[PDB]
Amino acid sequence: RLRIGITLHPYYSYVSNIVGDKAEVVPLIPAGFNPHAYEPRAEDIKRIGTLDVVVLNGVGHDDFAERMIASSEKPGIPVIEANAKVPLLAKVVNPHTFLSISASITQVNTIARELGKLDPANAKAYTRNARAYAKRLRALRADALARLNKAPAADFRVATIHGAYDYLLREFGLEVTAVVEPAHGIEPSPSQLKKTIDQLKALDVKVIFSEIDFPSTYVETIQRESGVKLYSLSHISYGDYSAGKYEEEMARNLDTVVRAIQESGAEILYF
């Protein structure tokens, strides 16, 4: 029987939906911890010794896992690189591939394929379940985009605190004008925040996508100084691990974006 290690919350959703009850899904770090903050611990490193495989993002969102494997009782534990077939943006790679439907479909497939070689007695079911999960994801996207009447206007500029939504917004045909955090998971300095606030003003940035999971203080200040409309998105990293979390949280993100586009594209009449 298979014991599969996962690093982030969406990967628990991918692996749980591929295996069903044919394997155990084992989170590497505890639920409740912020994966950006998490500093490898003794008990967590010992757990790797109980695993057979570890499913990694490996593009910059689980470096802690690559480190905790090297100090484990299994330094040469079979590793699955979930983003092996995923086209990335932009040495500076955005690791938030999991906050995109098409990028998730490629990761689910890569995972089910590689798990199939490790457990050949269940490769049939893993392929079978990956097609089932993908269908639920394609429809999730389809329904969100079916609620969008008009495409955003030429002047529809968007900004985000965390550099996590470049992949999500790509599926709407949108680009992020500005990211408030200078580097991934790095809080800006007051000098940095003043320049960002100055750039959102110069470029007439319409909406700002803040964090639901681990919010920032400086958000009210950005909203105050620039008059930009605030909307919140989920990195899918807070609380409990579950099979449904990814598709649950993701559908909300897709409707927040649909809401943000429609709330700008508000049509009036007469006189």
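Note that residue numbering follows the sequence shown and begins at 1.
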Continuity check for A90 and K91, given as deposited residues lacking coordinates between them: 10 or more
Stretch with the higher entry mean CA B-factor, where the candidates are 117 to 125 and 196 to 204: 117 to 125
Stretch exceeding the other in mean C-alpha B-factor - 67 to 75, 152 to 160: 67 to 75
Selection by C-alpha B-factor (highest) of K229, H61, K245, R41: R41
Selection from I236, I212, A37, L56 [criterion: highest C-alpha temperature factor in the record]: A37
Chain third (lowest, middle, highest) by recorded CA B-factor, residue given as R131: highest
Ranked C-alpha temperature factor of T177 among modelled chain residues, by third: lowest
Assigned third (lowest, middle, highest) for the C-alpha B factor of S191: highest
Third of the chain, ranked by Cα B-factor, where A23 sits: highest
